[PDB]
Every structure is written in structure tokens, then in C-alpha cells.
Amino acid sequence: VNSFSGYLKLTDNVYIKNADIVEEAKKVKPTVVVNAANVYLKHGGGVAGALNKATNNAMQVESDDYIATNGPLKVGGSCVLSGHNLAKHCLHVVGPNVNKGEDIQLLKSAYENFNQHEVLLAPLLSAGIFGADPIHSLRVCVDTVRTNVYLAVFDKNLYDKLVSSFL
Ligand SMILES: O=C(Nc1ccc(C(=O)NCc2c(C(=O)O)oc3ccccc23)cc1)NC1CC1
């Protein structure tokens with residue numbers, strides 16, 4: 001028994017709620033919150049900017065030191081850094097960006113990173129396909145992640161189509 005509340009059971013290990021992950025992070029203080037990062041860990045907008053803003057830019061300061069030491073992540077890769085005031089840990093995961101010509105097939109490799117953590121609060125990845133084929137992103141999560149994932153979905157048009165499609 002964990003502390004996630006109001007999430008709907010989608011599958012054996014996947015749960016889903018209509019909410020802003022940042023606001024959910026401010027609440028539960030989970031062991032792991034997932035960030036939909038870019039390979040430079042430049043947290044300008046979206047989940048990254050919203051998470052980073054909620055940390056008063058401490059996430060960005062830590063991230064810049066990480067990149068200066070290690071260089072950029074791979075698309076489909078991840079790193080574990082501090083969760084700051086939002087979680088014990090933040091798993092920064094890079095999904096492919098179709099807007100930059102990156103290959104959507106890398107989405108499965110991105111979700112595989114979740115399997116290194118028993119329980120995670122996470123968003124859907126590759127938001128660049130959210131108008132073209134939003135269902136594609138959630139199908140991969142369910143078919144790839146075997147650990148317990150609590151998905152916080154921001155868009156209500158989306159959540160309704162998603163839960164409808166998988167029930
Ligand atoms: O900006 C924020 N939050 C914030 C910002 C951005 C997101 C986000 O990239 N989600 C991913 C997503 C969603 C959804 O979540 O609807 O659907 C999808 C379909 C396909 C692929 C991906 C997705 C999530 C949360 N907060 C600030 C104003 C206070």
C-alpha cells in the first residue's frame with residue numbers, strides 16, 4: 001500500500017489520473033518523479049520547466065553541473081538526479097522529439113528506463129505526437145513498463161480518449 005490517491009487502475013501495474021504531474025509531485029513526495037527531459041537537461045518549458053520552476057531553478061542548477069561533467073544524454077536514455085522539494089529522486093528520461101526529426105521508435109527505449117524503479121510518478125513521453133497520435137505514447141508505456149507507474153495526464157480531452165481506448 002503506497003500513497004497515490006484517485007488514480008484509476010488501467011492495467012496490472014499502470015495507473016492513471018487527470019492532473020498536472022508538478023502539482024502531484026508537490027503532494028505525494030514520491031520516491032521517483034519522472035521528467036520528460038531533453039538531452040541537454042535544459043528545463044525551459046513543459047514538464048521540465050514546470051518541475052524546474054517548482055524547485056525554484058535548483059533542478060536546472062544541478063542539471064547544468066551534471067552536463068558539464070558528463071555531457072548530454074542519449075535520446076531514449078536517462079539519468080537519476082535529486083528530486084529537490086518534489087520527490088526523493090528525479091529520473092530525467094529523454095523521449096524522441098519528432099519536431100527535431102528524432103525517431104519515434106526510441107519511445108520504447110525511453111520507457112525501459114522506468115523498469116529500474118519499483119514505483120514512479122510519471123508523465124507520458126514524446127508530447128510532439130500529442131495531436132497526431134496521442135494514443136501511441138500510452139500504448140508503449142503499458143507494453144514496456146513492468147514496474148508500478150502512476151501516470152499524471154494534464155489534458156482532459158486526452159485523458160478521456162486514453163481511458164476510453166484502454167477500457
Ligand atoms: O506545464 C505544466 N505541466 C505540464 C506540462 C506538460 C506536460 C506534458 O508534456 N504531458 C505529456 C502528454 C500528455 C498530457 O499530459 O496531457 O498527453 C500526451 C499525449 C502524447 C504524448 C505525451 C503527452 C505535462 C504537464 N504546469 C505548469 C502550468 C503550471
Side-chain angles (χ1 to χ4, degrees), residues 4-11 14-30 32-60 63 73 75-79 81 83-87 89-114 117 120-145 148-167:
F4 290 105
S5 173
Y7 284 70
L8 172 98
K9 189 169 181 50
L10 268 209
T11 68
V14 180
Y15 295 80
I16 195 167
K17 182 183 179 175
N18 175 226
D20 176 13
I21 181 166
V22 188
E23 293 311 312
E24 187 89 14
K26 300 207 284 212
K27 175 171 158 319
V28 179
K29 286 286 250 79
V32 180
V33 67
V34 171
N35 180 31
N38 58 61
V39 297
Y40 307 112
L41 301 181
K42 280 176 45 91
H43 313 308
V47 167
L51 288 171
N52 175 60
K53 178 176 178 194
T55 76
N56 182 43
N57 211 52
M59 178 180 282
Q60 190 68 65
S63 293
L73 297 182
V75 178
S78 69
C79 67
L81 291 174
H84 301 278
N85 55 317
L86 306 176
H89 301 111
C90 180
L91 180 70
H92 295 272
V93 178
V94 184
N97 207 326
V98 151
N99 303 319
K100 2 197 115 186
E102 296 166 359
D103 150 51
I104 192 56
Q105 293 294 142
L106 288 165
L107 187 56
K108 186 173 185 74
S109 296
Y111 274 116
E112 287 169 342
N113 294 285
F114 288 26
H117 304 276
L120 318 89
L121 171 61
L124 289 168
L125 298 177
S126 313
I129 68 175
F130 140 141
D133 197 348
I135 299 177
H136 185 94
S137 184
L138 174 62
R139 194 49 250 174
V140 179
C141 181
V142 157
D143 293 341
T144 303
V145 180
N148 295 147
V149 59
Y150 290 80
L151 293 170
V153 180
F154 189 101
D155 191 87
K156 242 304 226 173
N157 180 241
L158 263 343
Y159 174 90
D160 290 351
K161 191 196 297 1
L162 292 191
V163 190
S164 305
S165 210
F166 280 77
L167 299 183

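We count residues from 1, following the sequence as given. Order of listing sets the numbers, starting from 1, for every ligand and every atom in it.
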State whether the side chain of [X] and the backbone N or O of [Y] hold a donor-acceptor pair below 3.5 Å, judged by distance alone.
X: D160; Y: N157; result: no
X: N85; Y: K26; result: no
X: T55; Y: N52; result: yes
X: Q60; Y: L41; result: yes

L151 side, atom CG; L124 side, atom CG - distance, nearest 0.5 Å =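 Spacing of CG (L151) from CG (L124) equals 5.5 Å.
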Just by distance, with hydrogens left out, do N97 and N99 show a side-chain donor and acceptor under 3.5 Å apart?
->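 The criterion, which ignores hydrogens and geometry beyond distance, is satisfied for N99 and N97.
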Smallest separation among heavy atoms of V34 and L120, with atom names |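 The pair with the smallest heavy-atom distance is CG2-CD2, 3.6 Å.
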Which of the atoms in ligand 1, numbered in the order shown and given with their element, are less than 4.0 Å from a heavy-atom of [X]?
X: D155; result: 14 (C), 16 (O)
X: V47; result: 5 (C), 6 (C), 7 (C), 8 (C), 9 (O), 24 (C), 25 (C)
X: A50; result: 1 (O), 2 (C), 26 (N), 27 (C)
X: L125; result: 21 (C), 22 (C)
X: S137; result: 20 (C), 21 (C)

Using distance alone, decide if ligand 1 has a nitrogen or oxygen within less than 3.5 Å of any nitrogen or oxygen in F154.
->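 Indeed, backbone or side chain, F154 has an N or O that close.
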Polar contact flag for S126 and ligand 1 (N/O pairs, less than 3.5 Å) =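 Min N/O separation from ligand 1 is not below 3.5 Å for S126.
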Would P123 count as a contact of ligand 1 if the rule is a heavy atom under 4.0 Å away?
->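 Heavy atoms of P123 never come under 4.0 Å of ligand 1.
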Considering only non-hydrogen protein atoms, determine which one is nearest to [atom] and report residue, atom name and distance to 0.1 Å.
atom: atom 17 (O) of ligand 1; value: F130 CD1, 3.6 Å
atom: atom 3 (N) of ligand 1; value: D20 OD1, 3.0 Å
atom: atom 11 (C) of ligand 1; value: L124 O, 3.3 Å

Kindly assign one of parallel, tilted or perpendicular to the pair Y150 and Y7, based on the angle between their ring planes and the thresholds 30° and 60°.
->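 Plane angle over 60°, so perpendicular.
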Does atom 28 (C) of ligand 1 have any protein heavy atom closer than 4.0 Å?
->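 It does not: no protein heavy atom is found less than 4.0 Å away from atom 28 (C) of ligand 1.
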